[PDB]
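> pasting an experimental structure with its sequence.
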Amino acid sequence: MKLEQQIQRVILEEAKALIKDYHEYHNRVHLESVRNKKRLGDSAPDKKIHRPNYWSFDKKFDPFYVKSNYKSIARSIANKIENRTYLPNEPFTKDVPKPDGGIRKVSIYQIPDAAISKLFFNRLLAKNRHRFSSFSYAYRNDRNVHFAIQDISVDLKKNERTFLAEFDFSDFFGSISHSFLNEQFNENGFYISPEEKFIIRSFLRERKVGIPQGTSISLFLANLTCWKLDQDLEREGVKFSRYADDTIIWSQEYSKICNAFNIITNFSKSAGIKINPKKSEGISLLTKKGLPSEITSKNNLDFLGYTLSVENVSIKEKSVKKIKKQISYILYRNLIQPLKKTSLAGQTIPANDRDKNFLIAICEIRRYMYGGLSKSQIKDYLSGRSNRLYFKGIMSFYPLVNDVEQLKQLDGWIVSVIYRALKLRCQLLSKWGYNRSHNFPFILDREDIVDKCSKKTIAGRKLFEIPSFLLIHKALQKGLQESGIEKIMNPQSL
Amino acid sequence: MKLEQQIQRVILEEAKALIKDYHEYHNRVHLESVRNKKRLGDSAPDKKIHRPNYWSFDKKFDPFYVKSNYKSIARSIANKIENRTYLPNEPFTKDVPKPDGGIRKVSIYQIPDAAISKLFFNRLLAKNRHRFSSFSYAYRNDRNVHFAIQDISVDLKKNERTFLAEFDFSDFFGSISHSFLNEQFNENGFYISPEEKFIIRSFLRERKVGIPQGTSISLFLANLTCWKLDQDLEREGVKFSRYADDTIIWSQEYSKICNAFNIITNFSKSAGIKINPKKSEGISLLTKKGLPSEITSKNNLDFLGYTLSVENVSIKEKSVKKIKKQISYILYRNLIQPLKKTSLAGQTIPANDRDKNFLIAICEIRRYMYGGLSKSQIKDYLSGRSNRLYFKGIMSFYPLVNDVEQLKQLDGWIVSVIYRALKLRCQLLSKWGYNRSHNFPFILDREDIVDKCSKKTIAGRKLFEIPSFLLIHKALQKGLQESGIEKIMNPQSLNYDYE
Amino acid sequence: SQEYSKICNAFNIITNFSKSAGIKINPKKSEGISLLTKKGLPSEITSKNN
RNA sequence: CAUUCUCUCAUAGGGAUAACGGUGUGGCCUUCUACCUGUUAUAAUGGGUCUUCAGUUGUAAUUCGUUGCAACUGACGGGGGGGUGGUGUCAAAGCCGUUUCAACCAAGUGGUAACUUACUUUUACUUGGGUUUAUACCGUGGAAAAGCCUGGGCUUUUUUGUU
RNA sequence: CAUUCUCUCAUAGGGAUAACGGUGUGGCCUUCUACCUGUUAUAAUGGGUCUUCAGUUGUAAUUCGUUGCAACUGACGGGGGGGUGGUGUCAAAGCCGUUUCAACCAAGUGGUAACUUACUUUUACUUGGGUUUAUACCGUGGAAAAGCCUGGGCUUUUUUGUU
Ligand SMILES: [Mg+2]
Ligand SMILES: [Mg+2]
Ligand SMILES: [Mg+2]
Ligand SMILES: [Mg+2]
């Protein structure tokens, strides 16, 4: 029947994708092993290839085995579904402690049961698509969440005094009674077929307690339980956005947020589970940066990888610290770490004004921020000479940053860190007996570093220019006004 | 370059689409002419191949000329857009009298400017798609408008009292100052590129007064002008749905709908123009048989061909009358009209229980009703033998009807009309001198019209069974519950054999 | 005003009128809403006395 | 003025060619597809029957939300006018049955018929997707007659190709 | 147990084969991309420069909605500690300059340091988009050698097909 062929197709595609990912993993490991041997010399460790541990718990977790017997698995699953005796096997569940102090139970289903939950719940979320609230996402890394960060950003700016009330539904989704879920299958004009209903009931029967967390099932079953609360909150006028389990609620009027708080409390009582505000306090006013206190009178809302304010959008502090970590660690790897090893055997020592290690460091920093773009390409796109510009970098995950001062400070930080790292590298090289304090890398003095690096050219193409966040931010602002958030985020779309 | 290539592609696609339609038009006119010659006999009128009138007002309206110079037209248009000296040519405007007081100015642009508008304003409405209200459509026949009718139906079925108010934005879109549009460009986080602003300003300069009523440009500008009204109405808690130059607003509380009236008044004042509610609507309360809250209380609302009540969704009376007219005219044309002519020259007369005209009439009715689906296919889809049943018919335009009584009445009407038409055809045949009363079509007796027709088979296929609305409605209910309104109303998707 | 929900709607009415005229109206210095309560109880606001 | 090709002074113009683009039927291929029965070595062909929903009961499970199977039961083709029998009774209702009239609008209008390349805000769609014989269409180009003019042009028909 | 093929009772099992799937580099096609200048008769190839935003002025259109062109002005690479000078003031804060220290966290900690197959909800991505010489990886297979066992089987390395 068509069902078996559809299963076969989905299972095969999933297995092939995982196999391709593993092959890329091992090839990348080998290439990095070659580079590390050429970098640390004869002190580099050996090449270690690791298979994911859960590939061993059950033979179905292995993509290779699934590709071996995809036909048989599809036939058996189709027969069991049409006999209504299907149950998804136990998912491999790992408990990752949440930073706030909680724990998130991440469940990974087997490839067969992960393919069936991506075929029957990606259709159920299309036919019943218009019956869900506008801002309701599944994982905090989804590409459509950035449409919500825009809305808040557009409101925080316009209504200069916005009341916010962030919430946490983790305990709610974790332990919602299955009967309440099963009572919503025929309301709000949901189109759920008899087969899809059976599959939903099988997946919920496996859990016995509540909705799964990190699965395609999560989004639909979350939009199937909080469909009355959503409608109530819309009817009060307060806007909202649920990322995975958090639920921010914002509106201009105090009364509306006060009523939304009561609506959420009543919904929590109705479901029989407790919903608690994530913020220690309840309502919180996010006013302009300059103003006294009243309820909270805060000026920075976090959301994800952002810090929204009435003035502008900016990168969250933790994300900025991680960017600093990665850049400083790239410099430390390519400049300082090899020299700290007990023996300099098989390491290229800079000489003749050429420092291949410095070139590698700058190139890797560029790939991490720009993605490989040279400044000439970015300027060409900005002027109009170029029709296309590909965005793939750490700045491609923040295509809404309006804060120019933060990028300026971060660029200055990059320059200063490069200068200090080069100074320490020169000191260590001298301590090892190889005195190089008059060459190109070490002649620059923190005010000519950018200029001298820019002038320097390799193979006819500038390969030393110090990367700058501000230029790519200008490019992103231009791109968003020509392609939109969607295209900038997902360049593959054509 | 790129702009030139894109313009070339879009213009050529538009021209080829229009040419394909014209080729099919005269190929369709010829087939119907042949059938007419075999229906009206030797008195049949001669064939006529018309050519759309607006293809002569300007050469650039002609699909057969715009394909000749698509390269040159794209070259010049690109050069003029890069030189900021591009003004779209005058569109052809026709005034269609609205059924109520008023006129609709339908504008048909030239193929080049239509291509440019369909290219630039489809991207502008995609990048800024999340900044527009949920229910906002361009045409009353739009296939995505059923997503709003389902919402109103669900609200009516669930709520206890639903207050509704309908508005008219026809004057709003005909007298809105363009300075307002220009002022509404950089707010609400709209991503309008510099050249996409130039083209908007050029298209608005061409009009000088207001938004073109019908075109790809219409919807984006309608959503761009009425972006504060949508935000305010959303903030109050009253839902809305615009579709074409109209606005329904429904809410559970009278105070909220009154505040919606006040918000529309303020917005109309700000724009400098008037938004008048339809003069026979006020606020309609579709209560659940409860207290009327001292407001005009009705039980049926009319919305884009549907009659929405608190218990069922049915076909509007006007649409039912149109369906009845079409079926009755099919029967009259295929059974009665050929006989009323002054001479029966070269017309096939019933013989040996065979009535080719009756078979043609029943098959045409089946195509209009179902789309050619035989009852066996529909029952196979219902049982489960098959998984595909294309919905191509009049009932494909009403995939939300829950009313079973209306469909039963319509089926009985079809049966009665078929019986009466066959009786009149027999009378006329006798008057002409041919007594076919004994023949098969003229002995059915009405009660056995549906019974004896189903048993009869032609070419080993049941081609006489009288089509029924109820069976296809059952099939549509199952198809909806298994595929969604989008797929039922949009029967191409990717393709068949999609596994 | 006697209700916080009402004075909060006064900042929103001056914020919209300020944008309608196209000029800014800022709260004097950094005073903010001041609750001159009779010591009955506080309501999530800076309770002053003078 | 090829709707073909080509060139350029490129939303316009010039040059070259007679073909360019589509339609119905049939065939082929790929689609999933209950049950019976004719003609044959198991294939084609012909014919025939079924497919739905609601409720109850029984029955095996269930995470008590619900599901599976069986047995049935019920539903599953409008309205109007003129007659007309029965049934109803403060008396009338009311109900049911029977007969007759119609193309629909018309369960209507002061009054009624016509119409589909039509009519109407939008009243919008057509056989499940690709190939391959015969039929044939729009506008073109030729060829032969036919009537207007001139003494080549214009005009009609047919034919040819497109095929 | 090839991640290859194939069969079946089919989410498990059976049989057969040595090959299956990927990576970096270059090449071949695509892809629009300014200006000058080396290098051989307009081609290749070496080198160099420029591209941004805001505001003002002039000027052109002008739908008064704006736009175009030209000129000019301004912005266009962090923070901290120690030392030091100038400027401020009733003294000071304050401002400007200069020198030195620190790989980042660190604008910190009691205290520093280390780490990228790492860390962490969600830390995510790697050069628009297609082919194919030489290099080479995942798990397989086969040989040789080398250790164990037996008296071939097992283990290790190299090599080979893969390629
Ligand atoms: Mg909704
Ligand atoms: Mg919105
Ligand atoms: Mg009548
Ligand atoms: Mg430090």
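Nice, I can see it. Numbers count the residues shown, from 1 in each chain, chains lettered A, B, ... in the order given. Ligands and ions are numbered 1, 2, ... in the order given.

> who in the stretch 201-350 of chain A is up against RNA strand E?
By Cβ under 7 Å from any atom of the strand, the residues of the stretch 201-350 of chain A that approach RNA strand E are A:214, A:244, A:304-305, A:318-319, A:321-322, A:324-326, A:328-329, A:331-333, A:336-337, A:340. All C-beta spots, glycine's among them, are computed from the backbone N, C-alpha and C.

> run the chain-centre distance for stretch A:146-153.
From the chain centre to the centre of stretch A:146-153 is a distance of 16 Å (Cα atoms, centre = their mean, to the nearest Å).

> who does residue A:167 bridge with?
On the basis of DSSP bridges, residue A:167 is bridged to residue A:247, residue A:277.

> isn't it up against residue A:278?
Yes. The pair residue A:167 and residue A:278 passes the contact test of Cβ atoms under 8 Å, sitting 6.0 Å apart.

> so for those two, which sits in the more crowded spot?
Ranked by neighbour count (other Cβ atoms under 10 Å in any protein chain shown), residue A:167 and residue A:278 place residue A:167 first, with 22 against 15.

> which helix or strand lies directly C-terminal to the strand or helix carrying residue A:9?
Assigned by DSSP states H and E, residue A:9 belongs to helix A:2-40. On the C-terminal side of helix A:2-40, the closest following helix or strand by DSSP H and E is helix A:63-68.

> buried residues in that next one, which are they?
Across helix A:63-68, burial judged by 16 or more other Cβ atoms under 10 Å in any protein chain shown covers A:63, A:65, A:66, A:67.

> returning to that earlier point: buried subset of the residues of the stretch 201-350 of chain A next to RNA strand E, written for PyMOL?
Command for PyMOL, covering only those of those found buried under the criterion 16+ other Cβ under 10 Å:
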select buried, chain A and resi 214+244+304+305+319+328+331+332+333+336
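
> taking the stretch 201-350 of chain A, what residue is nearest to RNA strand D?
residue A:208 (3.6 Å; Cβ to the nearest atom of the strand).

> ok, that residue touching residue A:178?
Yes. If you go by Cβ under 8 Å, residue A:208 and residue A:178 touch, sitting 7.3 Å apart.

> these two: which is more packed in?
When neighbours are counted by other Cβ under 10 Å, residue A:208 and residue A:178 differ, and residue A:178 comes out ahead with 15 against 7.

> relative to RNA strand D, how far out is that one?
Distance, residue A:178 to RNA strand D, by Cβ to the nearest atom of the strand, to the nearest Å: 6 Å.

> cool, residue A:493 as well?
Residue A:493 is 25 Å from RNA strand D, by Cβ to the nearest atom of the strand.

> before we move on, what about residue A:61?
22 Å.

> so that residue makes contact with residue A:55?
Yes. With contact defined as Cβ under 8 Å, residue A:61 counts as touching residue A:55 (5.1 Å).

> neighbour count for those two, which is higher?
Taking other Cβ under 10 Å, residue A:61 and residue A:55 do not tie; residue A:61 has more neighbours (23 against 17).

> how about the contacts made by that one?
A:54, A:55, A:92, A:108, A:110, A:111 (Cβ atoms under 8 Å, 6 or more residues apart in numbering or on different chains).

> most neighbours of all those, which one?
residue A:111 (25 neighbours).

> how about the helices in the stretch 151-300 of chain A?
Taking DSSP state H, counting those that start in this stretch to define them, one finds helices in the stretch 151-300 of chain A at A:170-174, A:178-182, A:194-207, A:216-225, A:228-236, A:254-271.

> pick the most deeply packed of the ones you listed.
Among the helices of the stretch 151-300 of chain A, helix A:216-225 has the highest mean neighbour count (mean count of other Cβ atoms under 10 Å in any protein chain shown), at a mean of 23.

> show me what that one is packed against.
Here helix A:216-225 touches helix A:111-119, helix A:124-127, helix A:170-174, helix A:178-182, helix A:194-207, going by 3 or more Cβ pairs under 8 Å, 6 or more residues apart in numbering or on different chains; DSSP states H and E.

> got the angle for that helix vs helix A:111-119?
For helix A:216-225 against helix A:111-119, the angle between stretch directions is 40 degrees (axes from the mean of the first three to the mean of the last three Cα atoms, to 10 degrees).

> compute the inter-axis angle for helix A:216-225 and helix A:254-271.
If you take the same axes, to 10 degrees, helix A:216-225 sits at 110 degrees to helix A:254-271.

> helix A:216-225 close to RNA strand D?
No. Helix A:216-225 stays clear of RNA strand D (Cβ under 7 Å from any atom of the strand), getting no nearer than 13.3 Å.

> how about that helix as CSV, C-alpha atoms only?
Provided in CSV are the C-alpha atoms of helix A:216-225 (Å, rounded to 0.1, in the frame of the first residue of the first chain):
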residue,chain,number,x,y,z
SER,A,216,8.4,16.9,16.4
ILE,A,217,5.5,15.6,18.5
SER,A,218,6.3,18.3,21.1
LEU,A,219,5.2,21.3,19.0
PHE,A,220,1.9,19.8,17.9
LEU,A,221,0.9,18.4,21.3
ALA,A,222,1.9,21.7,22.9
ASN,A,223,-0.3,23.6,20.5
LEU,A,224,-3.1,21.0,21.1
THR,A,225,-3.1,21.5,24.9
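
> got the residues of the stretch 51-200 of chain A near chain B?
Residues of the stretch 51-200 of chain A lying close to chain B (Cβ under 8 Å from any Cβ of the partner chain) are A:126-128, A:130, A:134, A:147, A:150-151, A:153-154, A:158, A:187-189, A:191-193.
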